[PDB]
């Protein structure tokens, strides 16, 4: 009987950060309460000033990472304010039935709804908008995020021993398909109803114009670079709701990787690069051993360095010359 269970309210944070949680469950099963507010907003996605009409959960691309434990109940209040123009809903890949919740959460502007589901399977999972007839347009306008369902006793390695992370980050990777005119410049749009047929044509090329982490080219760089220290254990959750990606930490590895994100399976070890299929979230665990700047990329390097799918880690600490050293620095012959 669910009314006898503790309720706990979570206050979400903006990606790439993740709200407070406990790896090993300190309580029995709970109803974990979340609220998200849908926001249709203009977003500038590149250095050139290209502006799209984004569709977001909670104002960000990606949507925030939700964290629960196996056999908790997730209760989501989903709000669509009357300042929006479109119908929206939510499909959780973590959930069982009704199109992942999609059939039960259709909200017009000015409406809200509350969905509850039991988190029966441990893993990282995609969530996304999926309104009938408009699914890829909403997803590829930014309306997707992820949920992590931890095992009650936390993460384990391939031998069943504990793995504990010191820091966690959520990297949402987004493919955008900005319509172009015949000369190749991006088109602008007044009403999404007028945008719609050009959006479809752009999608049908299967060729994204931009592929970004955290909603924009360069979003996870400079002052917004991810951070760690030598010796810290970092979990990076990565999602792609529509298109395959292949993350790689330049100068590191995925020590333990769940490429398709499901924690009942043993992790793959020592990965250089891993494939996260479109419609999937994955997770990689790494212990940093060297200080300095690392690039975290989709290792289609064109997608990374030309289309935007690259971020940075800045790592503090002590350089290890046993692991790597310049024996003779670059010099003339």
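Just so we're on the same page, rigid core means the largest C-alpha set that superposes within 1.5 Å between forms. Residue numbers count along the first chain shown, from 1.
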How do 226-234 and 175-183 compare in 7 other deposited structures of this protein: which one has C-alphas farther from this form after the rigid core is matched? 175-183
Consider 128-136 and 102-110 separately and indicate which one has Cα atoms farther, on average, from the shown form in 7 other deposited structures of this protein after rigid core alignment. 102-110
Report the stretch with the higher mean CA temperature factor, choosing between 29-37 and 61-69 on the basis of the entry. 29-37
Averaging CA B factors per stretch from the PDB record, which one is higher: 266-274 or 39-47? 39-47
Among 197, 175, 244, 255, the highest C-alpha B-factor in the PDB entry belongs to 197
Among 140, 207, 240, 191, single out the one with the highest C-alpha B factor in the record, please. 191
Relative to the other modelled residues in the chain, which third contains the C-alpha temperature factor of residue 144: lowest, middle or highest? lowest
Ranking the modelled residues of this chain by C-alpha B-factor as given in the entry, is residue 311 in the lowest, middle or highest third? middle
Sorting the chain's modelled residues by C-alpha B-factor, tell me whether residue 180 ends up in the lowest, middle or highest third. highest
Looking at the entry's B-factor column for C-alpha atoms only, identify whether residue 295 ranks in the lowest, middle or highest third of its chain. middle
Ranked by Cα temperature factor within the chain, is residue 304 in the lowest third, the middle third or the highest third? lowest
